[PDB]
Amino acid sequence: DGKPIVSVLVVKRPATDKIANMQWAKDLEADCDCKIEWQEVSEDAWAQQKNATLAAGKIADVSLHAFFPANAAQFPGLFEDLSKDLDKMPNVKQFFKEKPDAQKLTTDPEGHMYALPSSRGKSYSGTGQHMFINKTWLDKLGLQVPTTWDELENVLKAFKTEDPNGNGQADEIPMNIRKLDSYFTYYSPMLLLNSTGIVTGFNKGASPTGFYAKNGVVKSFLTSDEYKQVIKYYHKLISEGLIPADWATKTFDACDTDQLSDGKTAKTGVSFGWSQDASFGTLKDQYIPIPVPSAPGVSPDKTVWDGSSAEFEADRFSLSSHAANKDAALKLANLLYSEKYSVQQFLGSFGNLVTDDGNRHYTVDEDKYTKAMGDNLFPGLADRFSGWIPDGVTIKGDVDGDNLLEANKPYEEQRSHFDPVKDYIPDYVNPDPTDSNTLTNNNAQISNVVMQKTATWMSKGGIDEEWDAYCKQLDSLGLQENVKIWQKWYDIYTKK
């Protein structure tokens, strides 16, 4: 009937229904006055297909949750520069007016923008990283929350030997940490770098690859005395039986299973995670988030916490430079970023899980939402969505957001001890394609050494006599080139 056709690739979150089954998606298509040809792929499948898809240039007119700015920069002629199209996307302009750092996240210093970001809203503006302790155990044993590494060690020894869970067995895991990966992961044991006065940023960006900033100067922590001290502290704890001896080989899932236990008997004293509910389930009311204990020599005021933000994602809309109907595709973007469709993508269709109460207020049926997730039939895109939640919108019943907001309250003090520009490499610092390839190539070799030596030194000792050779080895693999590259782009993005 003459309507423009727009092909839309959507990389899907797990546990979601098919998009064609979602009422809001049918509404969106009607409101666009176009025909949408949806193509859905899992995240695991997309990870394996993305490079071949780019190399072949076989891209859909619109792709959601598919391409990051770094990907478009490596294949620039493939994608429309959306910075030139903002007048056809007034709802995106409003997003960028209210949240200017979201625009920076996908815009290069030359001003091109090949991807739109998303925002899941102000409940997610804090970090995803937290340190939890079993407060019920502290209370039963007559211990205060620890505020130094020495006090933490003392608490963990008490957890180990004093049977705080009351079952008579020495089953308590005083502190549980995740194994290492080729980058510093969510909930990394290296969150203890914050104890030393180095701000981590482990949600995303340069920090997972070993970089930080202080006073406007970029450095690598991989060769810092601070990193050495964290490793030595962990080795002390491990050697004392306060962390599982096989921590380095346990799967992330197995580590999570330790903390969840059977839902009735708590097993773990201290762990890193997202929220008490996600980490501990029905055991959550025993656990609180605590400020990180200070390392020796570091005052409370100089002790920091991870500076990340869980709010924005950078890969949420890209338009093929050869799409036939770009006006229809830009209208689709504009509608995705309207309140009507941003809320329905994030929480599902109105009248299914979420009620539009008027006055920019929405209410989620919490039990129905969890059941939809459990059934693998979530009627939206959830946190993988392509849209934005404005600060003027209030949502009642986004339990994950409420949980994260609460988990972040204890970290406002420590996060206030650093400058978010001068003491943190901002999430929007995007090296160009040539420098990105240098970084990634060097990081591939650096990471093998770091991961092997770090795990060995934590488990078995040896750091003091091997440290100098390790530092020289990382330099031979280009670490100092990488530091200088990050300093350059940090300066371009943050300094006049």
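Residue numbers here begin at 1 and follow the sequence given.
Enquirer: So 243-251 or 179-187, which one's hotter by mean CA B-factor in the entry?
Expert: The recorded data point to 243-251.
Enquirer: Would you mind comparing 127-135 and 265-273 for me and telling me which has the higher average C-alpha temperature factor in the entry?
Expert: Here the higher of the two C-alpha B-factor means belongs to 265-273.
Enquirer: Whose CA atom has the top B-factor in the entry, of 215, 282, 414, 147?
Expert: It is 282.
Enquirer: Out of 203, 299, 223, 321, which residue has the highest Cα temperature factor in the PDB record?
Expert: Most elevated C-alpha B-factor of the set, per the entry: 321.
Enquirer: Lowest, middle or highest third of the chain for the C-alpha temperature factor of residue 32?
Expert: Ranked within chain, residue 32 CA B lands in the highest tercile.
Enquirer: Looking at the C-alpha B-factor of residue 85, is it in the lowest, middle or highest third of its chain?
Expert: It falls in the top third of the chain.
Enquirer: Splitting the chain's C-alpha B-factors into thirds, which one does residue 166 fall into?
Expert: Residue 166: CA B-factor falls in the highest third of its chain.
Enquirer: Taking the chain's C-alpha temperature factors as the reference, tell me which third residue 18 falls into: lowest, middle or highest.
Expert: Its C-alpha B-factor belongs to the highest third of this chain's values.
Enquirer: In terms of the chain's CA B-factor thirds, is residue 307 lowest, middle or highest?
Expert: Lowest third, going by the recorded CA B-factors of the chain.
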